[PDB]
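In what follows, every heavy atom counts, from backbone to side chain, and hydrogens, waters and symmetry copies are set aside. If you read the sequence from its start, that first residue is 1, and numbering goes on from there.
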Amino acid sequence: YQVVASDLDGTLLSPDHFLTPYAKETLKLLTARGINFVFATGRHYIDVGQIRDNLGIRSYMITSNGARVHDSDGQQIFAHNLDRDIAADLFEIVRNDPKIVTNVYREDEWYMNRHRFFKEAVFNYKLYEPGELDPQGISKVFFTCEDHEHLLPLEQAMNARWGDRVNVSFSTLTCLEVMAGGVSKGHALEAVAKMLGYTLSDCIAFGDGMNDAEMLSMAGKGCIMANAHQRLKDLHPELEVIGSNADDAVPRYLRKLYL
Ligand SMILES: [Ca+2]
């Protein structure tokens with residue numbers, strides 16, 4: 001596989017959200033052998049600044065679950081946003097639910113409907129009142145709620161409401177995310193593979209969340225983390241389940257496969 005695609009949190013990153021020296025060295029060893037790396041996250045691009053400064057290699061960066069792609073120079077290749085009418089509705093769909101907080105990534109800004117490491121980028125929220133947020137430039141809307149079971153009926157209602165026009169995915173149990181239809185880490189990986197002169201068949205992917213499901217099944221080879229959500233394991237039982245990110249399972253798997 002000429003292209004290695006990996007999710008960050010819960011996948012390549014340690015349980016303490018760090019890139020280990022072992023993992024950094026693995027990226028260098030495979031880069032020296034002509035292997036390409038693509039990192040895919042639900043995070044905003046500003047929120048992966050410290051990670052990209054510590055990778056040690058030049059790589060394509062998929063952020064906001066495939067709504068954005070940047071090259072190694074920080075140049076935004078594409079921005080695939082939510083349709084204006086859908087973004088406008090998502091801003092207010094659960095305004096009056098005290099259990100849910102509505103979050104929005106609009107371009108380089110983070111908005112929140114109401115109030116819910118030292119070398120990390122400054123990335124804060126602004127508050128928005130009904131109607132005071134522009135529904136253009138929306139990479140994603142995400143609903144945060146401590147009660148996972150309370151988010152499940154909201155996932156169903158939005159899928160039934162918009163169908164193909166949205167991609168609804170959980171990241172954590174407490175974060176239900178909405179991107180434009182046709183936008184996912186998998187669809188962005190396919191686009192990036194083509195930029196590199198390859199196809200999905202040339203890709204091996206690693207992930208642990210529902211926002212990795214398309215990426216793991218579309219890639220030539222998909223690996224599910226041992227620490228992954230059970231719903232991901234249940235949806236794709238045909239995929240290999242590897243070790244935990246606590247063991248640095250991804251770089252160890254790569255060294256065993258390539259070196
Ligand atoms: Ca993850």
Side-chain angles (χ1 to χ4, degrees), residues 7-10 40-48 62-68 76 78-117 120-185 187-188 208-214 229 231-232 235:
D7 172 38
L8 294 165
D9 302 286
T41 180
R43 291 192 192 188
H44 191 284
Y45 189 71
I46 297 167
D47 224 342
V48 295
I62 295 170
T63 61
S64 291
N65 295 303
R68 297 286 192 274
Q76 185 184 274
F78 66 70
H80 297 155
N81 298 315
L82 277 154
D83 285 359
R84 199 185 182 277
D85 62 312
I86 303 186
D89 291 336
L90 287 171
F91 292 174
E92 297 303 313
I93 195 169
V94 285
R95 183 106 220 172
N96 303 122
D97 195 323
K99 297 179 72 179
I100 306 169
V101 170
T102 304
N103 300 260
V104 177
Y105 286 170
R106 183 179 188 279
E107 305 294 7
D108 283 341
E109 293 187 309
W110 166 36
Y111 287 89
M112 224 172 59
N113 64 336
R114 71 183 106 92
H115 298 284
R116 293 193 192 177
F117 185 85
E120 281 193 300
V122 176
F123 192 58
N124 302 313
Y125 62 79
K126 281 190 191 173
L127 294 175
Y128 75 95
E129 288 298 299
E132 86 182 19
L133 181 59
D134 186 67
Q136 287 182 215
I138 314 304
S139 54
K140 70 173 190 179
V141 176
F142 56 109
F143 306 92
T144 57
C145 176
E146 293 176 302
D147 184 351
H148 169 67
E149 284 67 32
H150 187 74
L151 289 175
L152 290 169
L154 179 58
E155 179 183 32
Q156 262 288 142
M158 295 186 301
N159 283 328
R161 180 170 176 164
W162 292 295
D164 286 358
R165 299 189 67 207
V166 293
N167 171 25
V168 181
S169 293
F170 277 98
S171 52
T172 66
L173 289 189
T174 57
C175 187
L176 183 57
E177 316 198 10
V178 187
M179 283 69 55
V183 171
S184 76
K185 296 185 186 183
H187 295 86
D208 72 324
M210 287 301 296
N211 54 330
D212 300 310
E214 303 84 2
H229 295 274
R231 183 173 161 184
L232 174 60
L235 187 69

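- Considering only heavy atoms from C-beta on, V168 comes within 4.5 Å of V178 through its side chain.
- Of all non-hydrogen atoms in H229 and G209, the two that sit nearest each other are CD2-CA, 4.1 Å.
- Atom CG of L82 and atom CZ of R165 lie 9.5 Å apart (nearest 0.5 Å).
- In this structure, the side chains of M158 and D89 stay at 4.5 Å or more apart for every pair of heavy atoms.
- With values rounded to the nearest 0.5 angstrom, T63 atom OG1 is found 7.5 Å from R68 atom CZ.
- One distance of note links CD1 of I138 with CD1 of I86; it measures 12.5 Å at 0.5 Å rounding.
- With sequence neighbours left out, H80 forms a ring pair (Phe, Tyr, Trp, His ring centres under 6.0 Å) with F78.
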Worksheet item: Going through the checks in order, is the side chain to side chain contact (heavy atoms under 4.5 Å, CB included) test met by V104 and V141?
Response: CA-CA 5 Å; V104 177; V141 176; 4.1 Å; yes
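- At a threshold of 4.5 Å between non-hydrogen side-chain atoms, the residues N167 and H187 do not count as touching.
- For the 3.5 Å distance criterion, the side chains of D97 and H150 qualify, holding a donor opposite an acceptor.
- Of all non-hydrogen atoms in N113 and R95, the two that sit nearest each other are O-NH2, 2.7 Å.
- The two residues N81 and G137 have their closest heavy-atom pair at ND2-CA, 3.5 Å.
- No more than 12 heavy atoms of other residues, nucleotides or ligands shown are found within 6.0 angstrom of CD on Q156.
- The structure places CZ of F142 at 11.0 Å from CE of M179, a figure rounded to the nearest 0.5 Å.
- Here the side chain of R114 pairs no donor or acceptor atom with the backbone of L127 at under 3.5 angstrom.
- When side chains are defined from C-beta on, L151 counts as touching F143, because their heavy atoms get closer than 4.5 Å.
- In this structure, OG1 in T144 is found 3.5 Å from CZ in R116, a value given to the nearest 0.5 Å.
- Between the side chain of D134 and the backbone N or O of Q136 there is at least one donor-acceptor pair closer than 3.5 Å.
- Heavy atoms of other residues, nucleotides or ligands lying less than 6.0 angstrom from CD of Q76 number more than 12.
- With contacts defined as side-chain heavy-atom distances shorter than 4.5 Å, the pair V94/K99 does not qualify.
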Practice item. Apply side chain to side chain contact (heavy atoms under 4.5 Å, CB included) to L8 and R43, showing your working. Key: CA-CA 9 Å; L8 294 165; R43 291 192 192 188; 5.9 Å; no
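- Taking both residues in full, the closest heavy atoms of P135 and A88 are given as CB-N, 3.8 Å, listed atom of the first, atom of the second, then distance.
- A side-chain donor from one of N65 and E177 sits under 3.5 Å from a side-chain acceptor of the other.
- For the atom pair CG (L154) and CG (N159), the distance works out to 9.5 Å, reported to the nearest 0.5 Å.
- Taking the six-membered ring for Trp and thresholds of 30 and 60 degrees, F123 and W110 have nearly parallel ring planes, at less than 30 degrees apart.
- Here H148 pairs with nothing under the side chain to side chain donor-acceptor pair (under 3.5 Å) rule; sequence neighbours left out.
- Annotation: side chain of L152 is in contact with side chain of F170 (closest heavy-atom distance under 4.5 Å).
- Of the possible donor and acceptor atoms, none in the side chain of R231 sits under 3.5 Å from a partner among the backbone N and O of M210.
- Checked by atom type and distance alone, the side chain of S139 pairs as donor or acceptor with a backbone atom of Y105 at under 3.5 Å.
- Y128 places a side-chain N or O within donor-acceptor distance of the main-chain N or O of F91, the cut-off being under 3.5 Å.
- When all heavy atoms of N96 and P98 are compared, the closest pair comes out as O-CD, 3.2 Å.
- Nearest heavy-atom pair across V183 and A67 is CG1-N, 3.4 Å.
- Side-chain contact between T102 and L90: absent, with no pair of heavy atoms (C-beta onward) separated by less than 4.5 Å.
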